[PDB]
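Visitor: The structure is given below, and queries will be raised subsequently.
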Amino acid sequence: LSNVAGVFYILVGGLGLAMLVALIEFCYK
Amino acid sequence: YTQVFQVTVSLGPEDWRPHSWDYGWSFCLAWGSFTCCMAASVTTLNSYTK
C-alpha cells in the first residue's frame, strides 16, 4: 500500500484546492 | 495509521509480530462513520437547492 498512499497528499491537496477555489468564488459572489 | 501499522509489522515489532493483522473491529466501524458523514452531507445540500 505504501507506494500509493503517498499520492493521497496531492489528492487531499486537490481537496484543499477544491475548497480554496470555491471560497474565492464567494468573493465573486 | 495503516501506513504506520504496515511499516511497524514490516519491522516485525520488537518482540510482538503477529500471525494476525486482523484489522479493527471498530476500524471497520470507523469506516462506517465516514459514509455516515457522506449520507448526512448529500441531504443537507439537497436542502440547499430548494
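By order of appearance in the C-alpha cells: chains A, B, ..., then residues from 1 within every chain, and ligands from 1 in the order shown.
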For chain A, which residues have at least one atom within 9 Å of chain B, if we go by only C-alpha atoms? Write them as a list in words, please.
Guide: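 Filtering chain A at 9 Å from chain B with only C-alpha atoms gives residues 1, 2 and 5 of chain A.
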Visitor: Write the residues you've just listed into a file as a compact mmCIF listing (two decimals), in the first residue's frame, and include N, CA and C atoms for each of them.
Guide:
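As written to disk, part-v1.txt reads:
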# COMPACT_ATOMS: atom_id res chain seq x y z
N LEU A 1 0.81 -1.21 0.00
CA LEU A 1 0.00 0.00 0.00
C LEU A 1 0.85 1.27 0.00
N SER A 2 2.12 1.15 0.40
CA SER A 2 2.92 2.32 0.77
C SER A 2 3.23 3.20 -0.43
N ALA A 5 -0.16 5.36 -1.05
CA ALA A 5 -0.66 6.29 -0.04
C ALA A 5 0.07 7.62 -0.06
Visitor: Kindly indicate which residue among B:1, B:46, B:9, B:39 lies nearest to residue 24 (chain B), using only C-alpha atoms for the distances.
Guide: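 Going through B:1, B:46, B:9, B:39 one by one, the smallest distance to residue 24 (chain B) is for B:1.
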Visitor: Can you work out the spacing between CA of residue 42 (chain B) and CA of residue 23 (chain B) in Å, to one decimal?
Guide: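 Straight-line distance from CA of residue 42 (chain B) to CA of residue 23 (chain B) works out to 29.0 Å.
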Visitor: Please provide as number ranges by chain all residues within 12 Å of residue 17 (chain B), with the sequence filter that same-chain residues fewer than 4 positions apart are discarded (counting only C-alpha atoms).
Guide: B: 5-13, 21
Visitor: Report, in Å to a single decimal, how far apart CA of residue 36 (chain B) and CA of residue 8 (chain A) are.
Guide: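 According to the coordinates, CA of residue 8 (chain A) and CA of residue 36 (chain B) are separated by 21.4 Å.
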